[PDB]
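Let me begin by presenting the structure, written as structure tokens, before commenting on it.
Protein chains: 2
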Amino acid sequence: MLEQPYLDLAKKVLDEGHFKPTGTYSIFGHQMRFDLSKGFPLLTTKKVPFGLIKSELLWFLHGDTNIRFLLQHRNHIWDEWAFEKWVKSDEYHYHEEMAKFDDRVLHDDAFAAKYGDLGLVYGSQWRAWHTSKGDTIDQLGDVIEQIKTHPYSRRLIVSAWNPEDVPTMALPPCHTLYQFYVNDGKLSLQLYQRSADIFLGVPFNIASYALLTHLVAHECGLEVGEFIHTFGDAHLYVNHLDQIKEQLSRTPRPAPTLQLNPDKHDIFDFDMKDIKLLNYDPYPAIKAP
Amino acid sequence: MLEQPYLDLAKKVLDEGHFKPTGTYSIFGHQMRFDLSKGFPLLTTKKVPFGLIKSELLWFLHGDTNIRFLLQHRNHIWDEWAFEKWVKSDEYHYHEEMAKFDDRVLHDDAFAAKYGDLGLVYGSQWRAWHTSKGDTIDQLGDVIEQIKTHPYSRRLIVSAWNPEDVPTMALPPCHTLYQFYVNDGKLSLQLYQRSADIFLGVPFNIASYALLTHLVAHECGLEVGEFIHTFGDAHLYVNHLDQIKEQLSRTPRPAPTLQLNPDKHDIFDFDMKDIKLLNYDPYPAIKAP
Ligand SMILES: O=c1ccn([C@H]2C[C@H](O)[C@@H](COP(=O)(O)O)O2)c(=O)[nH]1
Ligand SMILES: O=c1ccn([C@H]2C[C@H](O)[C@@H](COP(=O)(O)O)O2)c(=O)[nH]1
Ligand SMILES: Cc1cccc2c1C(=O)N(c1ccnc(Cl)c1)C2=O
Ligand SMILES: Cc1cccc2c1C(=O)N(c1ccnc(Cl)c1)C2=O
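Those protein sequences? They're chains A and A', same order as listed. A prime marks a further copy of an entry chain.
Quick note on numbering: the first sequence equals residues 1 to 21, 26 to 97, 118 to 313 in the entry's author numbering.
Quick note on numbering: the second sequence equals residues 1 to 21, 26 to 97, 118 to 313 in the entry's author numbering.
Set out below in structure tokens:
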């Protein structure tokens with residue numbers, strides 16, 4: 001099954017992973037491949053929230069780094085490092121005061137501008153990379169225009185890694201770099217992910233980059249190829265061992281098939297209703313830690 | 001054998017590679037692994053010039069981007085794009121006029137400064153990344169100091185990819201990014217190489233990054249682990265088919281073992297005599313195209 005590469009990697013970190021200081029069990033250099041013409045790679049062995057994947061992709065793809073967009077969509081994925089940026093502030097005076125942040129940010133323009141904005145997160149690196157001259161570059165923009173024009177280039181690349189920012193910045197991007205490849209009709213993407221939580225993050229990571237490859241294949245009139253997911257250090261926390269173990273006890277079902285609106289073509293102007301997941305039938309979600 | 005991953009990948013592009021416009029046969033997403041504790045990965049099925057590997061590594065590791073250093077070492081690897089930068093010039097008035125470039129550059133300080141210097145090549149990206157403020161960053165410096173200090177970080181990364189330069193620059197780096205990993209005693213490196221000529225470039229690429237992993241393992245008091253070599257688009261030119269084919273007809277021998285001076289410890293101040301290759305016994309070199 002399509003999601004078998006995920007289960008193999010969790011199995012392998014479990015058996016031959018290495019310990020390091026709660027600490028981890030990790031492995032360096034693993035790859036997973038997913039033929040996206042055989043379905044969509046949302047895990048069935050565990051329920052994965054696709055509208056959270058969906059919204060946090062479109063957020064990046066607008067070049068947006070403000071939390072408001074994500075909260076206007078009932079997605080609370082990125083809120084922590086925003087909340088984090090209002091408490092270490094000049095202004096500041118959990119579970120409920122975090123509901124505070126969200127109506128204030130949600131409704132107050134001069135508040136959403138200070139504390140909504142995470143700054144150096146993916147929407148900027150993808151769509152507004154800051155240059156020496158203080159201009160800004162849309163690399164993903166440039167790249168897609170390149171796919172259409174020069175589908176065979178070996179330069180179809182998007183980096184989220186800024187050697188100037190990464191010493192200073194809050195969270196150095198785990199989704200370090202990606203590359204496109206075209207070949208007789210079909211668009212493949214490969215991702216270099218420098219660091220991966222196999223239990224919590226990886227199941228989302230795959231869905232975002234599979235969705236990203238479909239969306240981009242859509243805009244350029246192409247059918248979809250492989251999504252290849254390459255790791256530096258893929259690791260298990262030592263307090264997610266039974267959860268993943270239990271998840272290993274389950275038996276994948278047919279993969280869902282994704283559906284994209286057949287005459288909207290620029291993914292930068294996409295909203296929810298434009299992407300549909302068909303026949304997703306998962307085993308239940310697992311709480312942790 | 002240790003060099004078997006190389007031969008498998010050349011075999012695989014030959015059998016299931018894809019054609020694209026002389027044009028290529030290529031494959032997207034392949035990985036090669038090399039346990040560097042079982043020897044050094046210089047190819048025996050073809051002779052690979054290790055002192056050229058050796059000098060063009062130390063050149064990068066000085067932060068140097070001038071051709072002179074490489075010519076004072078009888079290495080002529082990077083000269084073309086230098087020569088290229090003197091003919092499209094304001095000054096300009118092959119096989120012999122390229123011997124011209126080399127004594128002039130070799131002996132004339134005000135000439136070696138205009139035309140020696142390739143500018144945006146690896147020595148700068150590794151040791152002097154240019155910042156928004158016009159300062160400069162030694163990322164490899166920073167990284168090595170990190171390995172010693174925080175051997176378990178998942179942030180041990182060096183990028184050669186500058187979204188600001190890559191649209192303008194002469195040659196967007198093929199050796200896009202690399203990452204280190206430590207684990208009970210041993211240093212591993214993984215390389216993301218976005219584009220690879222399997223016949224001409226790849227056999228060097230492996231030796232440079234294996235050598236780089238040994239040198240860095242040396243400075244940080246560590247024993248060596250895996251070198252994992254990850255490809256975007258690894259390709260064969262359609263006019264190197266018989267050469268590689270013929271190379272497939274040969275039978276690897278024990279791998280050489282490398283030797284590094286046992287009380288010099290900073291690789292940034294290294295020169296030749298500090299690295300020795302022991303018991304390298306290759307089949308002959310193959311001309312091409
Ligand atoms: O989208 C994400 C974001 C983060 N991580 C994980 C990888 C690392 O465990 C951790 C980041 O911490 P560092 O490795 O960067 O220190 O979060 C993911 O798997 N997916
Ligand atoms: O050290 C090197 C430098 C270059 N190449 C190859 C990869 C590509 O074939 C070509 C660069 O051309 P583009 O793919 O960047 O267009 O050179 C290598 O294998 N090793
Ligand atoms: C595990 C996982 C899974 C899916 C999606 C996400 C994460 C995660 O930690 N983050 C995240 C990254 C950086 N900061 C925060 Cl507050 C969250 C995600 O956006
Ligand atoms: C194939 C191979 C093999 C080993 C080493 C090198 C190359 C190559 O094309 N270059 C190179 C890169 C960019 N410009 C030039 Cl003139 C040369 C190398 O440095």
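Backbone N, C-alpha and C fix where the C-beta goes; we use that ideal spot for every residue, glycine too.
Query                                                                                                                                  : Result
In chain order, each alpha helix (DSSP H) run of at least 4 residues that lies wholly inside the segment 130 to 159 of chain A         : 133 to 136, 146 to 151
Residues that DSSP places opposite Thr49/A in a beta bridge                                                                            : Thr49/A is not bridged to any residue.
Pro196/A at chain A' interface by Cβ criterion, 8 angstroms                                                                            : yes
Proximity to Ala220/A [Cα-Cα], best of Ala137/A, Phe32/A, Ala136/A, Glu250/A                                                           : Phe32/A
Limits of the unbroken alpha helix (DSSP H) element including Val167/A'                                                                : 163 to 173
Extent of the continuous beta strand (DSSP E) to which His238/A' belongs                                                               : No beta strand (DSSP E) holds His238/A'; the alpha helix (DSSP H) holding it covers 226 to 243.
Continuous alpha helix (DSSP H) stretch holding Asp257/A: start and end                                                                : No alpha helix (DSSP H) holds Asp257/A; the beta strand (DSSP E) holding it covers 247 to 261.
Contact check, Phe38/A' vs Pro45/A', beta carbons under 8 angstroms                                                                    : yes
Against chain A: residues of the segment 201 to 228 of chain A' by CB proximity under 7 angstroms                                      : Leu201, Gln203, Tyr205, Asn207, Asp208, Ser212, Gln214, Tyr216, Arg218, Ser219
As assigned by DSSP and simplified to three states, the class of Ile57/A                                                               : helix
Helix, strand or coil at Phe204/A' [DSSP, three-state]                                                                                 : strand
Contact check, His253/A vs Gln217/A, beta carbons under 8 angstroms                                                                    : yes
Status (buried if at least 16 other CB within 10 Å, exposed otherwise) for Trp153/A'                                                   : buried
Nearest to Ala123/A (by Cα), restricted to the options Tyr146/A, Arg72/A, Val145/A                                                     : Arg72/A
Classification of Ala279/A' by the beta-carbon crowding that lies within 10 angstroms, buried from 16 upward                           : buried
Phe32/A, enclosing beta strand (DSSP E) - first and last residue                                                                       : 28 to 32
Residues in the segment 156 to 169 of chain A' having any Cβ partner in chain A nearer than 8 angstroms                                : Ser156, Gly158, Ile161, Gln163, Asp166
Any chain A beta carbon closer than 8 angstroms to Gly17/A'                                                                            : no
Proximity test, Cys244/A beta-carbon vs ligand 1 heavy atom, cut-off 7 angstroms                                                       : no
Three-pair Cβ contact test at 8 angstroms for the segment 220 to 235 of chain A versus the segment 1 to 13 of chain A                  : yes
With 16 other Cβ atoms within 10 Å as the buried cut-off, status of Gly27/A                                                            : exposed
With 16 other Cβ atoms within 10 Å as the buried cut-off, status of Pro313/A                                                           : exposed
C-alpha gap between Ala241/A' and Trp150/A, whole angstroms                                                                            : 34 angstroms
Cross-chain neighbours of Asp257/A in chain A', by beta carbon under 7 angstroms                                                       : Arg178, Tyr205
Element boundaries [alpha helix (DSSP H), containing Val13/A]                                                                          : 4 to 16
Integer Cβ distance of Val206/A from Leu246/A, believed to fall under 8 angstroms                                                      : 7 angstroms
Terminal residues of the beta strand (DSSP E) in which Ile299/A lies                                                                   : 299 to 302
Residues, ordered as in the chain, of the segment 31 to 48 of chain A that lie near chain A' by beta-carbon distance below 8 angstroms : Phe32, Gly33, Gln35, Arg37
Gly225/A' CB to nearest heavy atom of ligand 4 below 7 angstroms                                                                       : yes
C-alpha distance - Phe135/A' paired with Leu75/A', whole-angstrom precision                                                            : 14 angstroms
Cross-chain neighbours of residue 23/A' in chain A, by beta carbon under 8 angstroms                                                   : Because chain A' is numbered 21 and then 26 with no intervening positions, residue 23/A' cannot be located in this model.
Element boundaries [alpha helix (DSSP H), containing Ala86/A]                                                                          : 83 to 91
Neighbouring residues, chain A', relative to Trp153/A (Cβ below 9 angstroms)                                                           : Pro187, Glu188
Neighbour flag for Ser183/A' against chain A, beta carbons, 8 angstroms                                                                : yes
Limits of the unbroken beta strand (DSSP E) element including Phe38/A'                                                                 : 35 to 39
Any non-hydrogen atom of ligand 2 closer than 7 angstroms to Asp221/A' Cβ                                                              : yes
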